[PDB]
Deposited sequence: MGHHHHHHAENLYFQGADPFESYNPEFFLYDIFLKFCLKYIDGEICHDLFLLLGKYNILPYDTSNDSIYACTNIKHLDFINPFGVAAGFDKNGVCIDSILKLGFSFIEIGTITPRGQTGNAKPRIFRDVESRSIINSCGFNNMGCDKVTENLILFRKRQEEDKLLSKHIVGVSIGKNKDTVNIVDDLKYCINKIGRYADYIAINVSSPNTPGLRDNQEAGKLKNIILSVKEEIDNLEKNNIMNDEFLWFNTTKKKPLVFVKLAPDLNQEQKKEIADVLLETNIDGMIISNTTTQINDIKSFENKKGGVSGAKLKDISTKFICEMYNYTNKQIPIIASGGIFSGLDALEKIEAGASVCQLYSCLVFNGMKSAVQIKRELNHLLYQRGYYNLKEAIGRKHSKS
């Protein structure tokens, strides 16, 4: 379509000449003004998926760090994504590290960043999410679309559990799921359990029925996911895997950015974590490991170097039930969701899968 094509041209221009974070904020602004294209197509009923009772109309969403402050949830979802993870948010606002703090490498389709958890803080973002939830009631294209919220600690926190607790008390009512982003097995167990308790306490301390308590999509309490970084050793992964089973966690997001990459020349003297195509193989391997160490009792959300339908099926066959995009949107533009959904549908057919669910963990 011409709407997608025109923006993809503008994107490639922007990619060549303009600073990354400036580009990002610009396009976010365009989304806020609601002048980005829509994908109004019906998603294949065979590519639908779920994390327990949380149902996704298709297997592609947008990862955390893209719309940190939830300023244009509508427009991003309407590009064809089934869900978005806003945040990571913190209890108080943070400016993050010094700019410029994000850099791309087009030929390797990789990104490096050291943002330092810049965000408007839980109060403001909660206000933004509420406004979205009200629009969602009115907007036909937002029905059954999921919004998760990634929460983290402040830069100089007094207590991590209390930081996450503050966020949950503020924004939990409006979230379909919560992503814990922070890592010793002992500390993690405490963190995970406190989060579950505080979510359960929202149900308790309210006199309203669920239909009027959970102002979200599921009309139930938010699930609890945890997001893991790829830079762990095997003993660390096994220990974590146990805690996630002990705590009965609803899902795990595999994975965040890596520091193990150094063969990107333009990133030679650059500081931060890498994402994009170079993270793909590392991330896929991580999924297989945690899918095994866990005995497949914890659903997985895939993240890392997913650009194509082919890339998607790898993550799924490794154990993932859903996929998150970020770098793809930077390098492929507005068509990312429309394209990847089409490719995965073709692939699931040619490979002789009846539906997507059948392909999870096959390899």
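In this chain, the deposited residues that lack C-alpha positions fall in the ranges 1 to 23, 206 to 216, 398 to 401.
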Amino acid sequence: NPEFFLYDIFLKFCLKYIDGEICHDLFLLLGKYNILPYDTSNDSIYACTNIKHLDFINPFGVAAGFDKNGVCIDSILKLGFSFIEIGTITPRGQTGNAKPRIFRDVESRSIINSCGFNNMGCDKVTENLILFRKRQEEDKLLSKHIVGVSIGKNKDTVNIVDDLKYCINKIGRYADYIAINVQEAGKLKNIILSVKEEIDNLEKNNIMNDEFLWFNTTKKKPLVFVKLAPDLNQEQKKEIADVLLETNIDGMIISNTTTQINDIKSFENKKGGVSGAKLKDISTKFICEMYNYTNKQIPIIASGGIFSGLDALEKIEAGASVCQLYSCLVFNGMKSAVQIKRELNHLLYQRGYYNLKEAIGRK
From here on, numbers count along this sequence of modelled residues.
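Definition used throughout: the rigid core is the maximal C-alpha set that superposes within 1.5 Å between two forms.
Two stretches, 9 to 17 and 343 to 351, are weighed by how far their CA atoms sit from the shown form in 9 other deposited structures of this protein after rigid core superposition; the farther one is 9 to 17.
The rigid core fit leaves 151 to 159 as the farther-lying stretch in 9 other deposited structures of this protein, judged by Cα positions and set against 151 to 159 and 165 to 173. When the C-alpha B-factors of 119 to 127 and 187 to 195 are averaged, 187 to 195 comes out higher. Comparing the deposited coordinates for 100 to 108 and 81 to 89, the stretch with the larger average C-alpha B-factor is 100 to 108.
Highest C-alpha temperature factor among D156, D176, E138, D74, as the PDB entry reports it: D156. Highest C-alpha temperature factor among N248, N216, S114, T95, as the PDB entry reports it: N248.
Residue-level temperature factors show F286 in the highest third of its chain, judged at the C-alpha atom. The entry lists a Cα temperature factor for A320 that places it in the highest third of the chain's modelled residues. Ranked within its chain, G172 lands in the lowest third, by CA B factor from the PDB record. The PDB entry assigns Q339 a C-alpha temperature factor belonging to the lowest third of its chain's modelled residues. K12 sits in the middle third of its chain by CA B factor, as recorded in the PDB entry.
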